[PDB]
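Data block below; observations after.
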Amino acid sequence: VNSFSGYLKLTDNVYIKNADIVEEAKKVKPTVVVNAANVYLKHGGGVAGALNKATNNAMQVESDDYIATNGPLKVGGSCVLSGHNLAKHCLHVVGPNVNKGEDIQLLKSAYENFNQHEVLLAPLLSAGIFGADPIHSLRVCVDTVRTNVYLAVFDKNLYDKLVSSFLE
Ligand SMILES: CC(C)[C@H](Nc1ncnc2[nH]c(C(=O)NC3CN(C)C3)cc12)c1ccc2c(c1)S(=O)(=O)CCC2
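Residues are numbered in the deposited numbering as their position in the sequence shown, beginning at 1, plus a constant of 2.
Okay, here's the thing in structure tokens:
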């Protein structure tokens with residue numbers, strides 16, 4: 003149904019909210035929820051772990067079956083799989099992990115995958131333990147994505163810092 007509410011409008015197509023992506027998926031019922039995935043689709047912690055746990059492990063079982071036949075994804079790449087009880091589809095997107103030496107330039111490619119979907123619920127790519135500068139990831143999102151993206155950032159201090167820096 004894509005019933006997003008309580009979001010700050012950053013541009014004509016980019017919205018942001020201090021919220022848990024899992025709780026947003028449950029209320030909004032989006033056509034697409036984006037997962038901050040790794041190349042082998044192992045959803046053990048962070049955003050991936052929260053989405054997988056909200057599907058009672060159905061996402062991980064489906065992901066293991068995909069990996070068995072198709073092998074790993076590439077950094078900057080993506081894969082559409084079922085969204086289970088959280089969405090119609092889950093778009094698993096691999097952003098670069100700069101804390102593991104991955105190229106930050108690939109973050110533009112990661113966001114480009116959002117342009118295949120009219121409207122998406124998404125986390126801020128490569129933030130958290132992936133180590134990218136969150137203000138830079140927001141700028142790559144604004145500059146790259148043309149479709150409607152609703153960003154859920156589950157940290158009030160980070161949300162306030164991003165909004166303040168964007169309004170400069
Ligand atoms: C920046 C940070 C605040 C953000 N985290 C989140 N952003 C939006 N929704 C979220 N729900 C939960 C959660 O733990 N949800 C569970 C509580 N439980 C009730 C459900 C966390 C989270 C974030 C964004 C991107 C990435 C990461 C973290 S990561 O996982 O460290 C590496 C991958 C890239």
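Every residue, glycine too, gets a C-beta built ideally from N, C-alpha and C.
Worksheet item: In three-state terms, what does DSSP make of residue 80?
Response: The answer is strand: DSSP assigns residue 80 an E or B state.
Worksheet entry | Cβ distance (whole Å) where residue 161 is taken to contact residue 142 below 8 Å | 18 Å between Cβ atoms; not a contact.
Practice prompt. Per DSSP, which residues does residue 152 bridge with? Please list them.
Written response: Secondary-structure assignment with DSSP links residue 152 through a beta bridge to 17 and 123.
Worksheet item: Say the cut is 7 Å; is the CB of residue 125 nearer than that to a heavy atom of ligand 1?
Response: Residue 125 Cβ: within cutoff of ligand 1.
Discussion item. What does the alpha-carbon distance come out to for the pair residue 132 and residue 117?
Written reply: Rounded to the nearest whole angstrom, the CA to CA distance from residue 132 to residue 117 is 22 Å.
Practice prompt. Just the C-alpha distance for residue 18 and residue 30, rounded to the nearest angstrom, thanks.
Written response: C-alpha of residue 18 to C-alpha of residue 30: approximately 14 Å in a straight line.
Worksheet item: Sorry if obvious, but does the Cβ on residue 130 come closer than 7 Å to a heavy atom of ligand 1?
Response: Yes, the Cβ of residue 130 comes within 7 Å of a heavy atom of ligand 1.
Worksheet item: residue 64 to residue 13, Cα distance in whole Å?
Response: In this structure, the alpha-carbon of residue 64 lies about 35 Å from that of residue 13.
Worksheet item: Between the C-alpha atoms of residue 66 and residue 86, what's the straight-line distance to the nearest angstrom?
Response: Roughly 15 Å between the two C-alpha positions.
Worksheet entry | Rounded straight-line distance, which links the Cα of residue 27 to that of residue 109 | Going by the C-alpha atoms only, they are around 23 Å apart.
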